[PDB]
């Protein structure tokens, strides 16, 4: 018909349409880069200072599929969306709660229970596969992240990539996961600076934890091994980092951004939902 959106791995979807609608879509999914005018690619090169999330390969970051409806409504377009794109996890709230009740989570030697909002956030994320979980730094996000990784670990064979803001937090995240008792250290590889003690060299570990600066220096192919990826404080991530590894996560069915400070009024908010999915506030 007018627009046909096909599945194309878990990083992007492919759009089929006319050359005319393509240019409309290309302008629609673009934004002004902050600081262009100082960029020599604009001052002397072929760049117009705008970031295009829809490339000429007609590929659009997965997380932005939902926004295409805004477009089609505006230009009166009719579109078919590959059903595989809107696919949700077959997990009923009933079975989720059942799954949660079999877990024995701890805090030192004292057993603890996740809060209702933590349970809701985890459930929302799993069912919908990818979301920007908008929760306050107090929402004890490490447990939300631990539950999300545990779930994936039990149901899929890939690996889990967790991106944190600093090397100190890399160690803290790994320690938290083990304190909960949902994971053991042999199961968590820390990469980069505080990258495990001399302990690493554990490339069989399902969970990989690092910072953006380390992660961005990895080969594109390195990201194919991940089925789930999380970035705590995703509002601190740059567009350069995101656009740098997004295509590499072609098998990353689950993707989550956690943040209490979203960039609602920033021009680039578009590429955070393109990388992490729609926003969800508990």
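Numbering follows the first chain given and starts at 1.
A.B. asks: Taking the mean of the C-alpha B-factors per stretch from the entry, tell me the winner out of 152-160 and 187-195.
C.D. replies: Stretch with the higher mean C-alpha B-factor: 187-195.
A.B. asks: Could you settle it for me: does 74-82 or 142-150 have the higher average Cα B factor in the PDB entry?
C.D. replies: Comparing 74-82 with 142-150, the higher mean C-alpha B-factor belongs to 74-82.
A.B. asks: Looking at 175, 124, 87, 204, which has the biggest Cα B factor in the entry?
C.D. replies: Of the options given, 204 has the highest CA B-factor in the PDB entry.
A.B. asks: Ranked by Cα temperature factor within the chain, is residue 68 in the lowest third, the middle third or the highest third?
C.D. replies: Within its chain, residue 68 is a highest-third residue by C-alpha B-factor, going by the deposited values.
A.B. asks: Determine, from the deposited record, the chain-internal third of the Cα B-factor for residue 135: lowest, middle or highest.
C.D. replies: It belongs to the highest third of the chain when residues are ordered by C-alpha B-factor.
A.B. asks: By its CA B factor, does residue 262 count among the lowest, middle or highest third of the modelled residues in the chain?
C.D. replies: It falls in the top third of the chain.
A.B. asks: Looking at the temperature factor on the CA atom of residue 111, which third of the chain's modelled residues does it land in?
C.D. replies: Within its chain, residue 111 is a highest-third residue by C-alpha B-factor, going by the deposited values.
A.B. asks: In terms of the CA temperature factor given in the entry, to which third of its chain does residue 57 belong: lowest, middle or highest?
C.D. replies: Highest third.
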